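Read the structure below first, then the notes.
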Amino acid sequence: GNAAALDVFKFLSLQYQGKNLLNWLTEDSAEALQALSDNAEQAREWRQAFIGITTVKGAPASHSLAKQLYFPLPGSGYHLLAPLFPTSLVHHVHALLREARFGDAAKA
Amino acid sequence: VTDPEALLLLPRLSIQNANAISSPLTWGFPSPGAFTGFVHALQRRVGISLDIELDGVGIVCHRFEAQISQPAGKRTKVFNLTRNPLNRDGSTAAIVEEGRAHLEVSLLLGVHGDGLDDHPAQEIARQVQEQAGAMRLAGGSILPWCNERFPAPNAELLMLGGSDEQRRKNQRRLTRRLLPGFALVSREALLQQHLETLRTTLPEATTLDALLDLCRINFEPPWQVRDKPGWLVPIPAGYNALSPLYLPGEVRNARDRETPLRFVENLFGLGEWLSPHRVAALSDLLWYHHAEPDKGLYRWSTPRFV
Amino acid sequence: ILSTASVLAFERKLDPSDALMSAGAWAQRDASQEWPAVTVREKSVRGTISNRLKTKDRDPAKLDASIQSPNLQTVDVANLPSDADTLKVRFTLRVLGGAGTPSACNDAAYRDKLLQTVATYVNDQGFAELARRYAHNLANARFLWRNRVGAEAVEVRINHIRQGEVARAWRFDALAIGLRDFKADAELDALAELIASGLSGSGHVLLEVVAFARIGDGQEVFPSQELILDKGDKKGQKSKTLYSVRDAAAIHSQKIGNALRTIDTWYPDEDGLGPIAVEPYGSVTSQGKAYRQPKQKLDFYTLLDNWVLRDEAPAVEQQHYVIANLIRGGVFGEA
RNA sequence: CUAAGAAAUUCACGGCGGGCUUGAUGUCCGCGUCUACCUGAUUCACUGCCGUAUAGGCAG
């Protein structure tokens with residue numbers, strides 16, 4: 001998204017009671033919907049808007065510049081199978097390679 | 001999924017600028033899915049008219065050159081790029097780092113169908129060769145060998161041998177043809193048993209860590225290197241489901257509005273490069289599709305290997 | 001309503017191989033199969049500051065301090081050997097069939113309309129002018145680029161390879177055929193007929209294009225320079241790098257394709273340059289300016305939507321430009 | 001029906017300033033290499049004569 005709204009990402013990633021606040025707002029807790037809003041309806045719409053950062057927005061779509069690759073079915077068919085970049089998996093592999101190549105134990 | 005009645009040897013094919021980035025995690029030799037898709041495109045274009053089916057591809061990879069460079073002061077490498085054309089305002093466009101590789105591979109194709117009895121073997125071999133000489137294999141143009149010394153036609157060898165010794169001699173001659181290369185095979189069993197070995201070594205270890213351990217050079221203190229059974233490359237092993245299979249007209253800006261689209265994630269497995277004389281039969285090296293479309297899992301593998 | 005397809009992509013027709021560069025002597029061009037290849041070597045340069053100063057470092061003390069620090073680079077250089085005055089540049093060209101057939105198309109109606117538009121183009125005039133200009137750009141060695149600039153004599157031999165033999169051999173004087181005039185010649189018309197039959201066909205037409213340039217003995221040949229990003233690294237790198245395949249200097253295929261596509265003499269700006277490469281929004285990298293802007297009605301996209309959707313068929317020159325883009329290829333389609 | 005489809009890196013450059021690597025040196029004791037083999041398979045398509053002959057025959 002934008003490079004200026006990203007502050008609210010830490011507003012969804014703090015550890016106040018000891019857990020991440022997105023999983024706190026995915027449940028209808030007693031401390032939830034009162035700690036951020038005095039009114040009930042404002043709390044409901046703020047919870048819905050704050051939890052909508054996980055759900056995909058817009059129609060399901062892949063652009064023309066994206067990759068789409070036909071796959072032959074066993075009996076008489078194809079699936080179009082647009083791949084997406086696994087940035088979480090790439091970040092995990094890059095973190096593991098960082099520990100492997102520039103970690104303190106690895107350097108020792 | 002079936003035993004081939006014949007094996008067609010497409011010879012040394014010089015692919016000019018193949019996609020060196022095989023996967024979001026791996027670079028180098030292209031995906032085996034590219035080779036299986038090329039063989040299915042060959043069957044789609046010229047296979048149906050010859051009344052034959054083309055399923056299963058064995059890759060030999062006689063030569064590989066990567067359009068890469070090593071910058072000074074770093075042990076890693078970078079991809080040499082192409083200058084894209086300027087925008088409409090005369091400025092340089094945003095660069096997408098795409099790597100290229102010059103390949104020289106020869107392909108074993110599994111042929112089954114009644115058309116093998118309807119045409120001469122050299123006729124269907126020459127037809128699929130002249131069809132493949134105007135196609136692409138991993139994003140690169142195929143150099144069709146003009147004005148050199150001695151061009152190489154195919155050699156379609158029928159796998160229904162009259163005798164076991166004649167079949168053995170045919171397979172050894174076909175292996176002798178594709179000699180300066182390495183068969184790339186799938187190693188799901190080896191990767192799974194190495195995952196079990198690491199899980200006995202240390203619990204809650206994922207298949208990603210077992211795949212990584214089979215590629216890095218492990219240094220063990222007394223300082224020796226932990227050995228590997230083979231080359232043990234990390235290959236893209238297929239595509240797993242990331243979304244439900246939407247309707248053909250449902251997905252906006254799809255390639256065609258008649259094929260259903262499903263968003264996928266890359267599947268990573270362990271592949272091995274072997275000298276092709278270390279196989280029982282050359283039909284074991286064939287890379288087959290395996291969809292299983294109810295659960296995603298759009299894989300390519302080498303069934304009937306060992 | 002005939003909406004445009006949201007993905008619309010075309011294959012690279014006329015896809016060349018990498019232009020292998022070797023060395024030899026003139027009048028030995030017949031036995032050029034054993035010519036030794038041009039090898040890219042490394043050398044060191046010590047230049048001095050000669051770039052523009054921005055009125056803050058123009059004082060004599062700072063300028064003399066900058067000169068006193070020696071400026072050094074390592075450059076990849078390709079030279080001819082000191083007993084070989086001729087550079088031979090050899091590549092293979094595949095004229096692919098189905099030039100107007102897109103690789104991807106969303107709408108079946110738009111695909112039918114585009115195929116009907118291209119079919120009417122072939123029925124009206126064919127690829128005859130476009131293949132004439134492609135045969136021109138093969139006939140003069142524009143793909144030599146800076147190897148063509150100060151050469152004494154350039155000669156291009158083009159061999160049609162049907163199955164395994166030379167079906168037809170064309171020989172052209174590349175200096176006599178200009179870089180900006182597209183005239184008529186009998187051998188050029190035969191090559192145009194072959195390339196247009198390859199574009200109109202179903203398979204492919206294979207050509208071997210060899211260009212001999214009498215640059216001079218031991219002179220500097222100019223292969224394609226590799227685009228390597230420094231990426232802000234701390235260690236200094238080599239400033240100039242070249243391209244080679246296997247100890248053998250080469251030009252990139254996209255540079256040969258750009259020289260082959262330099263046929264566009266119909267852009268609305270004045271043709272002081274002459275032909276430019278066929279690009280969407282007419283981009284020329286050597287100028288930093290893009291002709292055929294979309295604010296005029298002469299860019300490729302608006303011309304295609306006028307020719308296909310609204311049936312506003314443009315002039316014959318702009319139809320040639322549109323079909324030259326289709327032969328060129330590219331990835332199109334609005335979101 | 002192929003992480004598909006697409007692409008100009010590039011223009012110019014002074015690396016030379018200068019230099020003692022030296023001395024000194026034990027490689028040395030010891031050794032069973034045997035046995036058994038048809039180059040020859042038409043392996044010399046060779047020499048001369050009649051005939052203008054390259055066409056065709058003859059002699060030992």
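All residue names refer to the structure tokens as shown: chains lettered A, B, ... in order, residues numbered from 1 in each chain, ligands numbered from 1 in order.
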Who sits within 7 Å of residue 67 of chain A, only C-alpha atoms (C1' of nucleotides), same chain under 5 positions skipped, as a PyMOL selection string
(chain A and resi 82-83) or (chain D and resi 3-4)
Could you write out the selected residues, including C-alpha atoms (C1' of nucleotides), as a PDB file, in the first residue's frame?
```
ATOM      1  CA  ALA A  82      -1.299 -17.381 -12.039  1.00  0.00           C
ATOM      2  CA  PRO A  83       1.591 -17.483  -9.525  1.00  0.00           C
TER       3      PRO A  83
ATOM      4  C1'   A D   3       7.398 -17.270 -13.737  1.00  0.00           C
ATOM      5  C1'   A D   4       4.445 -17.090 -21.149  1.00  0.00           C
TER       6        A D   4
END
```
Polymer residues at most 6 Å from residue 255 of chain C, only C-alpha atoms (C1' of nucleotides), same-chain spacing of 3 or more positions, as a PDB file with N, CA, C and O atoms (P, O5', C5', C4', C3', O3' and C1' of nucleotides), in the first residue's frame:
```pdb
ATOM      1  N   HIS C 252      24.181  -8.552 -28.405  1.00  0.00           N
ATOM      2  CA  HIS C 252      22.913  -9.056 -27.899  1.00  0.00           C
ATOM      3  C   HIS C 252      21.890  -9.160 -29.024  1.00  0.00           C
ATOM      4  O   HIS C 252      21.939  -8.413 -30.004  1.00  0.00           O
ATOM      5  N   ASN C 258      16.717  -4.526 -32.780  1.00  0.00           N
ATOM      6  CA  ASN C 258      16.488  -3.086 -32.854  1.00  0.00           C
ATOM      7  C   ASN C 258      17.030  -2.505 -34.150  1.00  0.00           C
ATOM      8  O   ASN C 258      16.424  -1.600 -34.735  1.00  0.00           O
TER       9      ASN C 258
ATOM     10  P     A D   8      15.629  -2.192 -27.580  1.00  0.00           P
ATOM     11  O5'   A D   8      17.170  -2.161 -27.182  1.00  0.00           O
ATOM     12  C5'   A D   8      18.017  -3.282 -27.413  1.00  0.00           C
ATOM     13  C4'   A D   8      19.482  -2.927 -27.341  1.00  0.00           C
ATOM     14  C3'   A D   8      19.954  -2.301 -26.030  1.00  0.00           C
ATOM     15  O3'   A D   8      21.260  -2.776 -25.707  1.00  0.00           O
ATOM     16  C1'   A D   8      20.368  -0.807 -27.836  1.00  0.00           C
TER      17        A D   8
END
```
Name the closest residue to chain D among the candidates A:91, A:57, A:79, A:101; distances are taken between atoms, counting only C-alpha atoms (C1' of nucleotides).
A:79
Can you tell me which residues surround segment 259-271 of chain B at a distance of at most 6 Å, considering only C-alpha atoms (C1' of nucleotides), apart from same-chain residues fewer than 3 positions away, and format the answer as JSON, numbers by chain?
{"A": [79, 80, 81, 82, 83], "B": [185, 186, 187, 232, 233, 234, 235, 236, 237, 238, 239, 240, 241, 242, 243, 245, 246, 247, 248]}
Test item: chain A residues at most 12 Å from chain B, counting only C-alpha atoms, as an MDAnalysis selection string:
chainID A and resid 56 58:94 96:97 100:101 106
